[PDB]
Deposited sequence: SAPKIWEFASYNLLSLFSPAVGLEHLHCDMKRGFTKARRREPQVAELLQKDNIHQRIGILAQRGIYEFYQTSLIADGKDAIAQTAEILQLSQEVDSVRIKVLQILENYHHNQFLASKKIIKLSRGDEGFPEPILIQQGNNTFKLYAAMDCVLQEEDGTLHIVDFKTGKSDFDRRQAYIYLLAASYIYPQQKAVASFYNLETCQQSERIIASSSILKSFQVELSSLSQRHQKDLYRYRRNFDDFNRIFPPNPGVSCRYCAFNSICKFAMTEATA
């Protein structure tokens, strides 16, 4: 007889509240994405996939497949083999050439080759299993998908977050991964870093004391409650939508799935 826990937090949720990408932040976008997502006219705009999402999904799959085929060399062209597995010829050509650049970069810098792989996601999986956290009088689910976990010589776990595109690294995501690792890999030292598969730019190695992670857990617990309160307030009175999820029209609208239905779209 375990009650369902509705409260949850994740980097994705956090980013929809607190955004280098602050200019496109819009709370009304989150209102559509989370509070109105079942409305037919909203659901149909959410069922369309993005090019950057596409490049990212294929990039993760591409690293996974390149690595897999490289374990026991077969003498073949691993870049061409991986491109064939990914069916890049069926993608928009912009997408193809970016994934091919990512594969060329990996071929020249096979950063997984000699390493002890704890986790390497293919990118095709769904949401991770939740981590159930009690913080004060709140219980919430933490969702954190780790693209890559390596084990270093001294036993330290290295969480690597793969980036593509022109995005800047958001170190809050690294701290989310380090918090999650304290639950997934208990009593194991961990470090986190970012690596842009396309530009080969890397962040520093990020570590977090137990105190810093505890305080981030506090912040995520607060987020989980605020989000449920936003939803409750909207469901209690739909006419409060605009006040609960205020619009920020302008630059934000250029990359918003809901411009065709939003009353404030520019």
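- Residues 20-21, 269-273 of the deposited sequence, counted from 1, carry no C-alpha coordinates in the model.
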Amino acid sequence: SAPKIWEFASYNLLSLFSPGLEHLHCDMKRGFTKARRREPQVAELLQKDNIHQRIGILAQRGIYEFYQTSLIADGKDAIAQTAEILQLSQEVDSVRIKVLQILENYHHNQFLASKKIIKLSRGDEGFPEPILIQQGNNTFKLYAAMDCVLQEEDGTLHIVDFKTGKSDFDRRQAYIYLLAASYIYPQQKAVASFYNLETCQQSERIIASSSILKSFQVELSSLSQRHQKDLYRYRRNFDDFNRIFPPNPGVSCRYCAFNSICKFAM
From here on, numbers count along this sequence of modelled residues.
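- Taking only CA atoms, the mean B-factor in the PDB entry is higher for 161-169 than for the other of 161-169 and 182-190.
- Per the PDB record, of the two stretches 246-254 and 7-15, 246-254 carries the greater mean B-factor over its C-alpha atoms.
- As recorded in the PDB entry, 47 shows the highest C-alpha B-factor of the residues 60, 224, 201, 47.
- Taking only the listed residues 211, 68, 217, 228, the entry reports the highest CA temperature factor at 211.
- In the PDB entry, a CA B factor belonging to the lowest third of its chain's modelled residues is recorded for residue 233.
- Placement of the Cα temperature factor of residue 114 within the chain: highest third of the modelled residues, per the deposited record.
- Sort the chain's modelled residues by C-alpha temperature factor and residue 42 lands in the middle third, per the entry.
- Ranked by Cα temperature factor within the chain, residue 141 sits in the lowest third according to the deposited record.
- Annotation for residue 30: CA B-factor lies in the lowest third of the chain's modelled residues.
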